[PDB]
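Before any questions on binding or motion, here is one chain by itself as structure tokens, the form deposited in one PDB entry.
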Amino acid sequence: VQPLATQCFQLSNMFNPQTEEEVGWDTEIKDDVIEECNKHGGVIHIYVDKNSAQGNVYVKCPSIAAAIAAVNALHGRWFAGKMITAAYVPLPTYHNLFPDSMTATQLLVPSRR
């Protein structure tokens, strides 16, 4: 079987730390993702892993329904010939990686207006 949808997922290929040349690039990715999520079910945690070779972005939505909507809105885009992929993370694993994501309930909004 495939892992059930959870509140939490990991995006890949969102970027390539070797090629990323713009200052504040990871924040723009963060804003881009939140903006995308706020067209759907929002998001309560996000983390762009600047050092990951596969360009990982971690996300947690206020509900699995919100998470599904975000994943479905995000996993379609392409970057640098590589396609973005989402993988759900079980709560304990995601919570172990991101302890603070456990009690975070506030919907995030983008920095840029």
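Note that residue numbering follows the sequence shown and begins at 1. For clarity, a rigid core is taken as the largest C-alpha set superposing within 1.5 Å between two forms.
- The mean C-alpha temperature factor is higher for 19-27 when 19-27 and 86-94 are set side by side.
- Note on 73-81 vs 37-45: mean CA B-factor is higher in 73-81.
- Ranked against the other modelled residues of its chain, the C-alpha B-factor of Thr6 as given in the entry falls in the lowest third.
- In this PDB entry, the Cα temperature factor of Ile64 sits in the middle third of its chain's modelled residues.
The same protein also exists as the form solved in complex with a partner chain; that form is not shown, yet it is the one meant from here on.
- Checking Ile44, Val48, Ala67, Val33 for any heavy atom within 4.5 Å of its partner chain in the bound PDB entry turns up a single hit: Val33.
- Contact annotation for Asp26: none of its heavy atoms lies within 4.5 Å of its partner chain in the bound PDB entry.
- In a rigid-core overlay of the protein, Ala65 has its C-alpha displaced by under 2 Å between the shown form and the other one.
- Relative to the superposed rigid core, the position of the CA of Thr93 differs between the shown form and the other one by less than 2 Å.
- Once both forms are fitted on their rigid core, the CA atom of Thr19 lies 2 Å or more apart between the shown form and the other one.
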